[PDB]
Amino acid sequence: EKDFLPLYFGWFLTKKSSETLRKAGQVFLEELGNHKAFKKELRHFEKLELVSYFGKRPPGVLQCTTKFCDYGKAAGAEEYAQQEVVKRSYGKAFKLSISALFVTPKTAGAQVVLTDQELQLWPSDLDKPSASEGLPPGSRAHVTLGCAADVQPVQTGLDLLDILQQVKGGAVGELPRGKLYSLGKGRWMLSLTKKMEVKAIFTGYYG
Ligand SMILES: [Cl-]
């Protein structure tokens with residue numbers, strides 16, 4: 001009998017960090033929903049409460065996934081899990097840097113900017129999203145804050161990749177914690193003046 005892998009590996013925020021980032025996310029959603037520029041462009045996306053719009057919020061603690069394994073059914077799962085760095089890092093505490101919050105018609109999330117140490121724990125898979133073309137490794141790294149009723153949480157990273165592609169290719173408001181950008185097609189990013197730092201434990205989730 002072989003051993004099951006986790007459902008996924010990743011960085012699981014401490015309860016305090018999780019609560020801090022959730023609160024920040026919610027404040028962002030309330031501020032964006034109330035912003036003139038958002039309300040004006042509501043056609044591409046009475047007023048909309050975005051906390052309600054993103055009705056599926058993650059359970060438990062917030063987390064940033066490295067490798068989704070599906071207990072070993074996902075491509076590259078065993079290959080990822082067998083790495084020394086993964087084993088050595090299992091249970092270890094990290095600090096994650098969050099540089100921006102974003103919204104799309106599908107998801108709400110936080111952009112994680114990995115250290116190169118943390119990048120050692122990022123997977124190197126054969127199948128990459130076409131939206132990840134020409135972006136630095138680990139660009140997909142995110143914390144999902146919410147999504148629409150008919151959307152899967154994994155969409156949040158795809159949405160992030162798409163936003164970063166737009167930013168790579170080359171400002172409608174000033175919020176207290178950063179500058180607000182309208183990227184078109186219902187996409188919005190808050191670029192934080194100060195990166196947000198959260199504490200997290202790298203480990204595996206089985207459910
Ligand atoms: Cl929480």
Side-chain angles (χ1 to χ4, degrees), residues 8 10 13 18-59 62-65 68 96-114 127-196 198:
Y8 61 86
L13 278 66
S18 195
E19 288 174 7
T20 298
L21 176 58
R22 274 199 211 261
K23 199 182 299 177
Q26 180 187 336
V27 172
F28 168 50
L29 291 187
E30 294 170 1
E31 283 175 357
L32 179 56
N34 290 334
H35 198 270
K36 332 175 66 184
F38 182 84
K39 289 193 281 194
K40 281 173 154 52
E41 288 290 342
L42 186 48
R43 303 291 182 164
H44 291 89
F45 192 93
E46 303 187 32
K47 81 185 199 69
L48 183 63
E49 173 49 57
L50 290 179
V51 173
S52 170
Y53 178 81
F54 296 110
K56 299 202 299 173
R57 305 199 310 145
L62 296 178
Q63 56 75 33
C64 173
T65 293
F68 187 83
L96 304 182
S97 300
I98 288 168
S99 67
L101 306 182
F102 63 88
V103 148
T104 76
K106 295 193 174 191
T107 70
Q111 169 183 4
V112 178
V113 180
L114 299 176
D127 203 310
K128 289 171 174 60
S130 69
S132 180
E133 167 169 3
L135 290 173
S139 291
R140 190 174 181 173
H142 67 280
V143 176
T144 295
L145 297 167
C147 48
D150 60 346
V151 179
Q152 303 313 289
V154 62
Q155 185 64 40
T156 307
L158 302 181
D159 280 357
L160 181 52
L161 290 175
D162 175 77
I163 283 168
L164 295 174
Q165 288 286 352
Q166 189 169 347
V167 172
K168 170 174 173 165
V172 300
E174 295 73 46
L175 302 185
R177 296 293 160 256
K179 191 162 287 197
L180 180 61
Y181 295 92
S182 173
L183 307 174
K185 297 180 183 303
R187 292 138 66 252
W188 300 82
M189 171 175 268
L190 173 61
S191 189
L192 302 180
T193 298
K194 184 178 175 64
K195 291 179 186 184
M196 210 175 158
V198 292

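Hydrogens, waters and symmetry mates play no part in the numbers below; they use all other heavy atoms, side chains included. Residues: numbered from 1 along the sequence shown.
- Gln63 places no side-chain N or O within donor-acceptor distance of the main-chain N or O of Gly10, the cut-off being under 3.5 Å.
- To the nearest 0.5 angstrom, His142 atom NE2 is 8.5 Å from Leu158 atom CG.
- The aromatic rings of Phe54 and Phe45 sit perpendicular, their planes meeting at an angle over 60°, well past the 30° parallel limit.
- Other residues, nucleotides and ligands place more than 12 heavy atoms under 6.0 Å from the NZ atom of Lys56.
- A 4.5 Å side-chain heavy-atom check between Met196 and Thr20 finds at least one atom pair inside the cut-off.
- Side-chain contact between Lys179 and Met189 is absent, with no heavy atoms from C-beta onward closer than 4.5 Å.
- Across all their heavy atoms, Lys106 and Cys147 have their closest contact at O-CB, 3.1 Å.
- No more than 12 heavy atoms of other residues, nucleotides or ligands lie within 6.0 Å of NZ in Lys194, so this atom counts as exposed by the packing criterion.
- Around the NZ atom of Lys39, the shell of radius 6.0 Å holds more than 12 heavy atoms that belong to other residues, nucleotides or ligands.
- The neighbour count for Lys128 NZ, taken as heavy atoms of other residues, nucleotides or ligands under 6.0 Å away, is above 12.
- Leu96 contributes atom CG, which lies 6.0 Å from atom CG of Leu13 (distance to the nearest 0.5 angstrom).
- What you find for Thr144 and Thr156 is that their closest heavy atoms are OG1-OG1, 3.0 Å.
- More than 12 heavy atoms of other residues, nucleotides or ligands sit less than 6.0 Å from atom CZ of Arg22.
- Side-chain contact between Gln111 and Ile163 is absent, with no heavy atoms from C-beta onward closer than 4.5 Å.
- For the pair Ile98 and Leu192, the tightest heavy-atom approach, listed with the atom from each and the gap, is O-CD1, 3.6 Å.
- Taking CZ from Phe38 and CG from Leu50, the interatomic distance works out to 4.0 Å, rounded to the nearest 0.5 Å.
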*Please report the C-alpha distance between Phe102 and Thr107 in whole Å, then the side-chain angles of each, then the deciding distance to 0.1 Å, and finally whether the side chain to side chain contact (heavy atoms under 4.5 Å, CB included) criterion is met.*
CA-CA 8 Å; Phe102 63 88; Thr107 70; 3.9 Å; yes

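- Shortest non-hydrogen contact noted between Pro105 and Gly186 is CD-O, 3.5 Å.
- Using a 4.5 Å cut-off on side-chain heavy atoms (C-beta onward), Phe28 and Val103 make contact.
- Residue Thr193 holds its OG1 atom at 10.0 Å from CD of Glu174, rounded to the nearest 0.5 Å.
- Going from atom CG of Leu175 over to atom CG of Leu32 covers 7.5 Å, rounded to the nearest 0.5 Å.
- Interatomic distance, CD of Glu41 versus NE2 of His35, reported as 12.0 Å (0.5 Å rounding).
- Residues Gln26 and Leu29 form no side-chain contact, since every pair of their non-hydrogen atoms from C-beta on lies 4.5 Å or further apart.
- Annotation for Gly25 and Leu145: closest pair CA-CD1, 3.9 Å, computed over non-hydrogen atoms.
- Using a 4.0 Å cut-off between charged side-chain N and carboxylate O, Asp162 and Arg187 make a salt bridge.
- Residues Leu160 and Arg140 share a closest heavy-atom pair of CD2-O, 4.0 Å.
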*So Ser139 and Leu161, side chain to side chain contact (heavy atoms under 4.5 Å, CB included) or not? Walk me through it.*
CA-CA 7 Å; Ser139 291; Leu161 290 175; 3.9 Å; yes

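- Judged purely by atom type and a 3.5 angstrom limit, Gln152 has no side-chain atom pairing as donor or acceptor with the backbone of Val154.
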